[PDB]
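Take a look at this single chain, the form deposited in one PDB entry, given in structure tokens.
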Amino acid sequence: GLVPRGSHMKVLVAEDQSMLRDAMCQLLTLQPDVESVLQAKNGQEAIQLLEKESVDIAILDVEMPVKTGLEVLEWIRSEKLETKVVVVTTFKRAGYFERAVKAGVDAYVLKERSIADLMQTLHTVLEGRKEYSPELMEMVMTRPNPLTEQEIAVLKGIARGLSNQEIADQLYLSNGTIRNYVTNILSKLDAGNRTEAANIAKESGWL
């Protein structure tokens, strides 16, 4: 992923707040490692600019008129451009972050960061590495217990070596009902058989 243009990078900035866009572009332009900065007020402008010339890094706000930076990210990847993408946003919504990562964003950082932080991010992605907001990583790495009350009881039974039929009896349900829960439980815990499911939910502290 390393693009050996760290001393003369061509970037684009899409950001709909005009005072921030202007200030970002002025300071990037002054950096010795930056060759040029293309500026876009919204995601449709970004895309139009990227249709007509190459950039090494696109720096994208999420919330913008017409097309969001997430939509631009997806366009950039669908076009197979040789362009790193750095999302810079105010928003800590987990869904935006997950969407960016599913589109292979190179970095996702918050407007809590400084310009110096941003310059580091741009060198990191151009050298083929990723940078993900620590706060957003944390947020997303902590999951609820995904299991219903019944499913937990089943798993515990499973742990003790019980058959579905034995568990059925214990919970005063039909064998068919227990088999349904197990199916459900395999899918939720991304486990394969019934004993993987059991160590998965215990090791993740869910019983």
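All residue numbers refer to positions in the sequence shown, first residue = 1.
Just so it is clear, the following notes concern the form deposited in another entry, a form of the same protein that is not shown.
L28 lies in the same rigid part as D56 when the motion between the shown form and the other one is split into two rigid parts. The pair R143 and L110 is at least 3 angstroms closer at the CA level in the other entry than in the present model. The distance between the CA atoms of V105 and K188 is at least 3 Å longer in the other entry than in the form shown here.
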